[PDB]
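Novice: My structure is below; once you've seen it, I'll send some questions.
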Amino acid sequence: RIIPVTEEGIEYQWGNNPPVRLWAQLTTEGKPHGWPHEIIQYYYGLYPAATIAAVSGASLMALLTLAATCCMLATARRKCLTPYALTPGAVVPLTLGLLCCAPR
Amino acid sequence: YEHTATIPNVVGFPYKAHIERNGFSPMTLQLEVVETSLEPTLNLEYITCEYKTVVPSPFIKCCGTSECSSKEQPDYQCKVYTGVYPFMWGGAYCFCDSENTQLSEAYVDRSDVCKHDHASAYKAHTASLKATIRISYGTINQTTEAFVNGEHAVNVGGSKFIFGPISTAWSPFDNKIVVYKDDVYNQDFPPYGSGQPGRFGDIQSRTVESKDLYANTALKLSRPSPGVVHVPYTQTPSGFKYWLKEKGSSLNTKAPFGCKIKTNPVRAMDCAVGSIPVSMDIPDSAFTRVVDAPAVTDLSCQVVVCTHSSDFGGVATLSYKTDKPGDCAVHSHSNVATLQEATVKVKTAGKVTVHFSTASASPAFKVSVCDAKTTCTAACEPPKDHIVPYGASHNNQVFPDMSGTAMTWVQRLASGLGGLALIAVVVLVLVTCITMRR
């Protein structure tokens, strides 16, 4: 027989013997002070669902913030270069064209 | 001098309370719960036991007739069968060949050992919790019993302690309880006067000594077979003697929180549920004056090893100045790590070692030795042994400190992305300003 033991523990009793109590320790596969993925393995080992959630949430927020930095720098570039792109007789000046990466 | 704490309602977990009474050297009290006993208020609904069925000899009236009568007896059955012709061992009992009757009569009674083998059906409510607490501090080391309510103050060495109301209403006993000898059962037994044949409570008695008895055992008589004197009847077998094998295992094997159930009186021992406030009044003879204590100063901490195991898996060395040898109270001011010892001997060697238990990858608890304060930062490795025969000595706080490695990486990533986002914001704001002036 296999008894599931959580960190709350179990009590079992076999026949007329007195009952025996056992508790699971916080054993886990990863390394808590390793490289980042070893820390994710560590927490995942002793806290699976929570680690998956926390890493999904934080990596989604990372993608959202990076995308915001992209959209903001793109909006800055586009609002800066618009007056040079609309004008017929003109081209983006030799200084600004490098910094904003003008199309020509 | 009032002070307050809140100890876990965990048996054998030796919670340590630190008192920093400003006129005196600090003291650490150890408050270990030795027993708890959660005892319900019980109202007895009724007694159940095996029935006895009384079946007297049949009144066979030869050459004649007889009439039944009603009687004030439980489940009483009585019928007159006409046209009997019974044979005894030596021949027919009646001379009349068909002009006879048998009066068959039977009724139920409380069995003769129901004085000794019965199950008592109770309503269980308004449980009172009593705990046995071991108090130790200085030269005092004593065990006392207190009701866990905000009211029963108990003396210990001239201190008074009030173990405030248990921080839960939970109890393992349901509203209806069946008690039988050493066992207790959560069982929705039927009301008195409402028991059904062959189920628990098919006979019911308000008390053991009650003279009245409810019985509903489905006793029915049937006609004596042709030629025999026997009072033949059918009845549903005793619902108590069914219950005794249908019980299963008692609440002692099923209660949550590891409660141990006992009878006489019905109580749940050593439940691990909730927490116990403490109010502590401590006399001036328990402390030591600051003039007598050691002037522990420049305290610092280094951690030799840490495992976040269920025992005291961490070891620290504390180093300090002192003017004199003596004893200091020592405490951990953060629940992330509990110390093993309550007091430490301070010596001019200027260093000493302290053992702690923790559940987190990197705790940043802080400790005092007398009046001095220092912060201990640990890198704690996981235990290798999967299962142990003892409960956790720590408070199971697992979140790492912000100075820890995982949170240092989180802080580096977050400040990197946020700093880039604030760069993009500043750029967009300056662009929108300049392209507004244009």
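So you can find residues: chains in the structure tokens are A, B, ... in the order shown, residues in each start at 1, and ligands are numbered from 1 in order.
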Using only C-alpha atoms and a distance of at most 6 Å, pull out the residues of chain A that contact chain B, as a list in words.
Specialist: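 My answer is residues 22, 23, 24, 25, 27, 69, 72, 73 and 76 of chain A.
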Novice: As a ChimeraX atom specification, please: every residue in segment 123-345 of chain B that a backbone DSSP assignment puts in strand (DSSP E or B).
Specialist: /B:123-137,140-147,153-157,159-163,176-180,183-186,203-205,214-215,220-221,233-234,260-262,267-269,275-281,289,297-307,314-321,326-332,337-339,343-345
Novice: Can you work out the spacing between atom CA of residue 89 of chain B and atom CA of residue 227 of chain B in Å, to one decimal?
Specialist: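 Computing the Euclidean distance for atom CA of residue 89 of chain B and atom CA of residue 227 of chain B yields 11.1 Å.
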Novice: Leaving out residue 6 of chain B and any residue of its chain fewer than 4 positions from it, which residues lie within 12 Å of it when counting only C-alpha atoms, given as a list in words?
Specialist: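 Returned residues: residues 10, 15, 16, 17, 18, 31, 32, 162, 163, 164, 165, 166, 167, 274, 275, 276, 277, 278, 279 and 280 of chain B.
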Novice: Do you have the atom CA of residue 364 of chain B-atom CA of residue 333 of chain B distance handy?
Specialist: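 Atom CA of residue 333 of chain B lies 10.2 Å from atom CA of residue 364 of chain B.
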Novice: Which of chain A counts as alpha helix (DSSP H) under DSSP, as a PyMOL selection string please?
Specialist: chain A and resi 36-46+48-86+96-99
Novice: Output N, CA and C atoms for every residue in the selection just made, as a compact mmCIF listing (two decimals), in the first residue's frame.
Specialist:
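Output below, filename result.txt:
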```
# COMPACT_ATOMS: atom_id res chain seq x y z
N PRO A 36 18.70 30.94 -12.99
CA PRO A 36 17.25 31.16 -12.92
C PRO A 36 16.37 29.94 -13.17
N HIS A 37 16.68 29.15 -14.20
CA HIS A 37 15.85 27.98 -14.47
C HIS A 37 15.97 26.95 -13.37
N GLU A 38 17.12 26.88 -12.69
CA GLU A 38 17.24 25.97 -11.55
C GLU A 38 16.41 26.44 -10.37
N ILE A 39 16.21 27.75 -10.23
CA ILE A 39 15.32 28.29 -9.21
C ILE A 39 13.86 28.02 -9.55
N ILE A 40 13.49 28.14 -10.82
CA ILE A 40 12.14 27.76 -11.23
C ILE A 40 11.90 26.27 -11.02
N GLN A 41 12.89 25.43 -11.33
CA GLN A 41 12.79 24.01 -11.02
C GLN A 41 12.63 23.78 -9.52
N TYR A 42 13.43 24.49 -8.72
CA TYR A 42 13.36 24.36 -7.24
C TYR A 42 11.93 24.60 -6.77
N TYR A 43 11.42 25.82 -6.97
CA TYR A 43 10.06 26.17 -6.47
C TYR A 43 9.02 25.22 -7.07
N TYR A 44 9.16 24.90 -8.36
CA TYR A 44 8.19 24.00 -9.03
C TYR A 44 8.14 22.69 -8.27
N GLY A 45 9.30 22.19 -7.85
CA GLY A 45 9.36 20.90 -7.14
C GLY A 45 8.50 20.89 -5.89
N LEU A 46 8.59 21.93 -5.06
CA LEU A 46 7.84 21.92 -3.77
C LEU A 46 6.52 22.69 -3.92
N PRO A 48 4.30 23.17 -7.30
CA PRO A 48 4.12 23.09 -8.76
C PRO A 48 3.15 24.12 -9.36
N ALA A 49 1.87 24.06 -8.98
CA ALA A 49 0.86 24.96 -9.60
C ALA A 49 1.24 26.42 -9.38
N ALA A 50 1.62 26.79 -8.16
CA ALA A 50 1.93 28.20 -7.85
C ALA A 50 3.07 28.69 -8.74
N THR A 51 4.13 27.88 -8.88
CA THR A 51 5.30 28.29 -9.70
C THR A 51 4.85 28.51 -11.14
N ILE A 52 4.09 27.57 -11.70
CA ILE A 52 3.59 27.70 -13.10
C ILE A 52 2.83 29.03 -13.22
N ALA A 53 1.90 29.28 -12.29
CA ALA A 53 1.10 30.52 -12.33
C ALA A 53 2.02 31.74 -12.23
N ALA A 54 2.80 31.83 -11.15
CA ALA A 54 3.68 32.98 -10.96
C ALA A 54 4.56 33.24 -12.18
N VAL A 55 5.12 32.20 -12.78
CA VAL A 55 5.97 32.40 -13.96
C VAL A 55 5.16 32.79 -15.19
N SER A 56 3.96 32.23 -15.36
CA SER A 56 3.09 32.71 -16.44
C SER A 56 2.72 34.18 -16.26
N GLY A 57 2.28 34.55 -15.06
CA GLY A 57 1.92 35.94 -14.80
C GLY A 57 3.06 36.92 -15.03
N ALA A 58 4.22 36.62 -14.46
CA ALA A 58 5.37 37.51 -14.62
C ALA A 58 5.87 37.57 -16.05
N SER A 59 5.89 36.45 -16.78
CA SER A 59 6.35 36.50 -18.16
C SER A 59 5.35 37.19 -19.09
N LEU A 60 4.05 37.07 -18.81
CA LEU A 60 3.06 37.89 -19.50
C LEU A 60 3.24 39.38 -19.23
N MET A 61 3.44 39.76 -17.96
CA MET A 61 3.74 41.16 -17.66
C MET A 61 5.05 41.63 -18.30
N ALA A 62 6.04 40.75 -18.42
CA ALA A 62 7.28 41.08 -19.13
C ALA A 62 7.03 41.35 -20.61
N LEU A 63 6.25 40.49 -21.26
CA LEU A 63 5.89 40.72 -22.66
C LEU A 63 5.10 42.00 -22.84
N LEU A 64 4.13 42.25 -21.95
CA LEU A 64 3.34 43.48 -22.03
C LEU A 64 4.19 44.73 -21.86
N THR A 65 5.11 44.73 -20.89
CA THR A 65 5.98 45.89 -20.71
C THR A 65 6.96 46.08 -21.86
N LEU A 66 7.58 45.00 -22.36
CA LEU A 66 8.44 45.12 -23.53
C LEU A 66 7.68 45.65 -24.74
N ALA A 67 6.49 45.10 -25.00
CA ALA A 67 5.65 45.59 -26.09
C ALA A 67 5.28 47.06 -25.91
N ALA A 68 5.02 47.49 -24.67
CA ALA A 68 4.80 48.91 -24.43
C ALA A 68 6.03 49.76 -24.75
N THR A 69 7.22 49.30 -24.38
CA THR A 69 8.43 50.04 -24.76
C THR A 69 8.59 50.13 -26.28
N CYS A 70 8.29 49.04 -26.98
CA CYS A 70 8.33 49.05 -28.44
C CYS A 70 7.32 50.02 -29.03
N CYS A 71 6.06 49.91 -28.62
CA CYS A 71 5.01 50.79 -29.15
C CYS A 71 5.27 52.26 -28.83
N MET A 72 5.83 52.55 -27.66
CA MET A 72 6.16 53.93 -27.31
C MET A 72 7.32 54.48 -28.15
N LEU A 73 8.40 53.71 -28.29
CA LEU A 73 9.50 54.19 -29.14
C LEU A 73 9.10 54.27 -30.61
N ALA A 74 8.24 53.36 -31.08
CA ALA A 74 7.69 53.47 -32.43
C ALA A 74 6.82 54.71 -32.61
N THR A 75 5.95 55.00 -31.64
CA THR A 75 5.14 56.22 -31.70
C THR A 75 6.00 57.47 -31.69
N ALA A 76 7.05 57.50 -30.86
CA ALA A 76 7.98 58.62 -30.87
C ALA A 76 8.65 58.79 -32.23
N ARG A 77 9.24 57.71 -32.75
CA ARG A 77 9.83 57.74 -34.09
C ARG A 77 8.86 58.25 -35.15
N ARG A 78 7.66 57.68 -35.19
CA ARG A 78 6.68 58.02 -36.22
C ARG A 78 6.21 59.47 -36.12
N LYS A 79 5.92 59.95 -34.90
CA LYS A 79 5.52 61.34 -34.72
C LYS A 79 6.66 62.31 -34.98
N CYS A 80 7.91 61.89 -34.79
CA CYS A 80 9.04 62.73 -35.14
C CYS A 80 9.26 62.80 -36.65
N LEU A 81 9.23 61.66 -37.34
CA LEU A 81 9.54 61.61 -38.76
C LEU A 81 8.37 61.97 -39.68
N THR A 82 7.13 61.97 -39.18
CA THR A 82 5.99 62.35 -40.01
C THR A 82 6.16 63.67 -40.77
N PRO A 83 6.56 64.79 -40.15
CA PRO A 83 6.69 66.03 -40.93
C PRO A 83 7.74 65.97 -42.03
N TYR A 84 8.80 65.19 -41.86
CA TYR A 84 9.76 64.99 -42.95
C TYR A 84 9.23 64.05 -44.02
N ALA A 85 8.41 63.07 -43.65
CA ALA A 85 7.88 62.13 -44.64
C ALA A 85 6.77 62.74 -45.48
N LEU A 86 5.97 63.64 -44.91
CA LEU A 86 4.91 64.27 -45.69
C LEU A 86 5.43 65.31 -46.67
N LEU A 96 19.40 63.30 -37.81
CA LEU A 96 18.23 62.60 -37.28
C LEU A 96 17.98 61.27 -37.97
N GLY A 97 18.35 61.16 -39.25
CA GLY A 97 18.08 59.94 -40.00
C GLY A 97 18.77 58.71 -39.44
N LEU A 98 19.95 58.89 -38.83
CA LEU A 98 20.60 57.79 -38.13
C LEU A 98 19.88 57.43 -36.83
N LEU A 99 19.61 58.43 -35.99
CA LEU A 99 19.10 58.16 -34.65
C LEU A 99 17.72 57.51 -34.69
```
Novice: Using only C-alpha atoms, pick whichever of B:229, B:213, B:203, B:436 has the shortest atom-to-atom distance to residue 85 of chain B.
Specialist: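 The answer is B:229, which sits nearest to residue 85 of chain B.
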